[PDB]
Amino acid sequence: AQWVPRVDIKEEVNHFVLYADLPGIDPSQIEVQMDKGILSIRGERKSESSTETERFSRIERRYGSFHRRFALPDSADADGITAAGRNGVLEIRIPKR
């Protein structure tokens, strides 16, 4: 964790949903993991603000490795996580056990 991408977490009747704003990362670069109830969203954003940095007149965008963790409830079925990204939003869907 060197940036904290924004994650919304919703608990529905029969599932959770996490919406993670991860722009600039290929959804295949983002590890969604659950380990003993902890849901981790881990990866790295390379920002072209690292390449040729003197050239940047304004840098608001954060990047680096990230590791969001949420202690989800026990009703979260870590076997059911699906994870899909569109337009830099990663949506993680977790059924309740």
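All residue numbers refer to positions in the sequence shown, first residue = 1.
If you average the C-alpha B-factors over 78 to 86 and over 21 to 29, the higher value belongs to 21 to 29. Legend: mean Cα B-factor per stretch from the PDB entry, 46 to 54 versus 30 to 38; the higher mean is in 46 to 54. In the PDB entry, a CA B factor belonging to the lowest third of its chain's modelled residues is recorded for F70. Ranked by Cα temperature factor within the chain, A1 sits in the highest third according to the deposited record.
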